[PDB]
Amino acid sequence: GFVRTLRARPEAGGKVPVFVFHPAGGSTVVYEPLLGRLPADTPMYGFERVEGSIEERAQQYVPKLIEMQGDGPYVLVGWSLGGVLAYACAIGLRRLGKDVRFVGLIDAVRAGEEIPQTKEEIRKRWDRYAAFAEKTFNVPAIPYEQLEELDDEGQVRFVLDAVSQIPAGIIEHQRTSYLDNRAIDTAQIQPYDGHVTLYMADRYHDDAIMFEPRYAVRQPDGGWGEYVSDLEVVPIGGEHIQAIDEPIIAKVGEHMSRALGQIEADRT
């Protein structure tokens, strides 16, 4: 289904599992280096891509989380889109009376300026995209009227259909990566009253900034302060793309290992 077992929990008992959520355009295999930097016998399960708005995705994840972990305690972690997903699940779990003890955002940083969801923005985005298409491929008027009334999924299907009028593996990977990135853009963040740990790199990587220049700037709280009063930021430096890998992930893992140790002691 959509649950990957990175490290299975014992048949009974054992430590609290870490649930990780996939990043934009990738799977949860990317959390293996993190897993290497967490305490021994820490179980880990990864939740992979599902369809819908952030809230719709969480509506699919949360029942599964509960089936696997019951009342809690819940440790929810994510890099890239995975961060927003972990957070949405945190809100859903807390609303149903569950015990969420840790939410780990791994450089899941909001654009430094809000990205509006307006028809003007739709037009600016696709104008930007058309221009790069011209330059990258050495190659007309953009049918804005039809695009404005399509959602993101509809917009890319329209552009891809108009394009064919490229092999499927490549189209599918560009498609889901594009939609997962837009899901980050259009996420409507709700407030959460539990503790959030935000691991913060210095900047988005250049390719990220080229697609959406508002990611060139980040606030110090990464845009989460207004939604999260109990917010901790753990600066890790480097770029967004590097935050998930060795050696920077060692810094994340060392800190996160301390948090897990406290959760384990409290149960004891």
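The first residue of the sequence shown is number 1, and the count goes up from there. Here, rigid core means the biggest group of C-alpha atoms that superpose within 1.5 Å across both forms.
Colleague: Relative to the presented form, and with the rigid core used for superposition, do the C-alpha atoms of 126 to 134 or of 101 to 109 deviate more in 5 other deposited structures of this protein?
Modeller: Higher root mean square deviation of C-alphas in 5 other deposited structures of this protein is shown by 126 to 134.
Colleague: Over the set of other compared entries for this protein, does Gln165 lack coordinates in at least a third of them?
Modeller: Yes; at least one third of the other entries leave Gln165 out.
Colleague: Please count the deposited residues lying between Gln165 and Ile166 that the model leaves without coordinates, and give the class: none, 1 to 3, 4 to 9, or 10 or more.
Modeller: 4 to 9 residues lack coordinates between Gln165 and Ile166.
Colleague: In the deposited sequence, how many residues between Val139 and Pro140 have no modelled coordinates (none, 1 to 3, 4 to 9, 10 or more)?
Modeller: Missing residues, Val139 to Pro140: 1 to 3.
Colleague: On mean C-alpha B-factor from the PDB entry, just flag whether 127 to 135 or 82 to 90 is the higher one.
Modeller: Comparing 127 to 135 with 82 to 90, the higher average CA B-factor belongs to 127 to 135.
Colleague: Return whichever of 178 to 186 and 155 to 163 has the greater mean Cα B factor according to the PDB record.
Modeller: The deposited B-factors put 155 to 163 ahead on the C-alpha mean.
Colleague: When the CA B-factors of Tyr199, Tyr45, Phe211, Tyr31 are compared as recorded in the entry, which is the largest?
Modeller: Comparing C-alpha B-factors across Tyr199, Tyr45, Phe211, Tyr31, the maximum falls on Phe211.
Colleague: Divide the modelled residues of the chain into thirds by Cα B-factor and specify which third, lowest, middle or highest, holds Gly104.
Modeller: For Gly104, the deposited C-alpha B-factor lands in the lowest third.
Colleague: Ranking every modelled residue in this chain by its Cα temperature factor as given in the entry, which third contains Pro235?
Modeller: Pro235: CA B-factor falls in the middle third of its chain.
Colleague: Grab the CA temperature factor for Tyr215 from the record and place it in the lowest, middle or highest third of its chain.
Modeller: Ranked within chain, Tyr215 CA B lands in the middle tercile.
Colleague: Check where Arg110 lands among this chain's C-alpha B-factors and tell me if it's the lowest, middle or highest third.
Modeller: As the PDB entry reports it, the C-alpha B-factor of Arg110 lands in the lowest third of its chain.
Colleague: Consider only the C-alpha atoms of the modelled residues in this chain, order them by B-factor as the entry records it, and name the third containing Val77: lowest, middle or highest.
Modeller: For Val77, whose C-alpha B-factor we compare with every modelled residue in the chain, the answer is the lowest third.
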